[PDB]
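What follows is a single chain, given as structure tokens, in the form deposited in one PDB entry.
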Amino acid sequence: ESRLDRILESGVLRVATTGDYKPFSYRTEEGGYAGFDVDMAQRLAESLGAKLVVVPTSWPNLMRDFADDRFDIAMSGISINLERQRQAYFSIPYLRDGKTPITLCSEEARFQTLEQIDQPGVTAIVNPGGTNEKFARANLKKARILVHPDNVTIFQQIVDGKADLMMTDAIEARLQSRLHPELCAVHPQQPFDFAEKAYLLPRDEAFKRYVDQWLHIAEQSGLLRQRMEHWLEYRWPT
């Protein structure tokens, strides 16, 4: 009665992914998938003699989808947080990060501190339902919060002047500062908070143990560092 045994008997691993967060997970117009976490899902599946079955989900529906048992694991640039820990498990962490501003490079100097960001005529854009929204709501008393449903296009909103900044994971701020030359990542090396990425798991001890063992070896063998570099350098569209 571990889903580790179910997966091993099945030969199927159901991996949920949002498809909306480069460099971790991106759903093409074709209807396939790329990125570091999709790449890693194929690896986890293989290690189990299993076929990778990609289950679409979204930031707003992640925990509903989780509660409903639509998937065995979620692999999608997911931050660890305690709200999520209330219901699910996380794997050991594969990345350390934190929220930081991305804004027009000209504006950069305005938005160094949350003191400067949280002001009556400032508009911070966020995608709904995840840690970006949570951070914005927890920390902005005075700035307006513009909820934009499509995270793939959220950075174009900043370019197009529809909002002054977004606070998002610094890895996403660094990459999008490359995909949209107008945008700058603000002190990505000194984020406003601490958070880790990990894989979202059922409350299942044996399956967490297997996943963590697989991830620890991927990490210590350097295979993890190398696939991330590959996906950071990859030719993402905009």
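What we label the rigid core is the largest C-alpha set whose atoms superpose within 1.5 Å from one form to the other. Sequential numbering from 1, following the sequence displayed.
The mean Cα B-factor in the deposited entry runs higher for 221 to 229 than for the other of 19 to 27 and 221 to 229. Between 173 to 181 and 207 to 215, the higher mean Cα B-factor belongs to 173 to 181.
For the set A109, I92, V147, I78, the PDB entry assigns the largest Cα B-factor to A109. Of the candidates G35, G49, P191, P56, the one whose C-alpha carries the top B factor in the deposited record is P191.
Among all modelled residues in this chain, the alpha-carbon of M63 has a temperature factor (C-alpha) in the middle third. Split the chain's modelled residues into thirds by C-alpha temperature factor. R96 is in the middle one. In this PDB entry, the Cα temperature factor of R84 sits in the bottom third of its chain's modelled residues, the lowest group.
Among all modelled residues in this chain, the alpha-carbon of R70 has a temperature factor (C-alpha) in the middle third.
Among the modelled residues of the chain, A45 sits in the lowest third by CA temperature factor in this PDB entry.
This next part talks about the form deposited in another entry, which is not shown.
Among the residues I92, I80, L95, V122, the single one whose Cα moves by at least 2 Å between the shown form and the other one, once the core is superposed, is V122.
With the core held fixed between the shown form and the other one, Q157 has its Cα displaced by at least 2 Å. The Cα position of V147 differs by 2 Å or more between the shown form and the other one after fitting on the rigid core. Annotation: Cα of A138 displaced by less than 2 Å between the shown form and the other one, core superposition.
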